[PDB]
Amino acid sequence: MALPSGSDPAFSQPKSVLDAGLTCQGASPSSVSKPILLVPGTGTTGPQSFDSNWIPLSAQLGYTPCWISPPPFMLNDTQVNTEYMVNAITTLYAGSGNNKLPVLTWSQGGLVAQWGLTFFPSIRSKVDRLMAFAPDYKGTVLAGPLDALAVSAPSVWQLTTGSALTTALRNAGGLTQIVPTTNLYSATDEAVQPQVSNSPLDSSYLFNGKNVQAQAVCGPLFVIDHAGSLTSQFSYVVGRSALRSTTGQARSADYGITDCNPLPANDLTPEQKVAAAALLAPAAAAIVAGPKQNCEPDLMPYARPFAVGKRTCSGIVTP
């Protein structure tokens, strides 16, 4: 069962809009040394996801941090958020001298990266690895679209168990890794479940990926939440391993029981540590003030054939 092949799907957004969502720290994305592309979680911008963590930590490892901030706060259709990532990879690949670059993500950003790899073949040769923290490739069973209000953000419909989007990703072949991938997650994630089995049943798991459930290393009683999966010192050691590895994946030898520190990464400034612990703060107001609807967004034509029979806003998905 081959992945989608051939030409990249058309973008629904103007290219100038997509360019407007990409920023690099201290550099233009068109002339950048050793870029890393950071893809944020639902309800946040790039800086809100990563200022307290991988922006400074990647810079200290010698990368130029770059990020996308799809408006409004990653709450729009995940297929549109992916356009921002695909355009950013095209730009940063050329902008770094036509060299592959790593992609590092949090929460929704992981599914965005894997959706892009699944459906946009041009970027597969431009991404050298994926380091995904708390990704939800299967669609969580918690915090659904009809909780407390009959309307929810477009991406919340999509990142729910049973959605047409997650159905299409799995049916198109997307729960197997496409580039060398590390997925770091936690059995105690309060946003993404199920994560408890340390097996392909977990939402963060990809076949052939380096699938690191924290409790598998640190013990059954180790506790780290959805944000701590991104910010902790344990997470830094795994992510640093993945970024340095000649295999493109974190290596088990590079981390162990003595790295099982759930608190913010050692090298963050005190300000950054307090901000990292407080991560998830802005995604309350953003949600309340953002787009909301009573149905899952329609699948774009490149993805519709993989979720025939699911229901989206326009009705039943037909091929």
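Counting begins at 1, following the sequence as shown.
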Q | 99-107 or 240-248, whichever carries the higher mean Cα B-factor | A | 240-248
Q: Give the stretch, out of 223-231 and 140-148, with the larger mean C-alpha temperature factor in the deposited entry.
A: 140-148
Q) Highest Cα B-factor in the deposition, which of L61, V288, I36, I68? A) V288
(Q) Per the entry's Cα B factor values, which of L165, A88, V217, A134 stands out as the maximum? (A) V217
Q: Grab the CA temperature factor for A153 from the record and place it in the lowest, middle or highest third of its chain.
A: middle
(Q) Is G21 in the lowest, middle or highest third of its chain when residues are ranked by C-alpha B-factor? (A) lowest
Q. By its CA B factor, does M74 count among the lowest, middle or highest third of the modelled residues in the chain?
A. middle
Q: Sort the modelled residues of this chain by their C-alpha B factor and say whether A253 lands in the lowest, middle or highest third.
A: highest
Q: Using the B-factor values recorded in the entry, state whether the Cα atom of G173 falls in the lowest, middle or highest third among the modelled residues of its chain.
A: highest
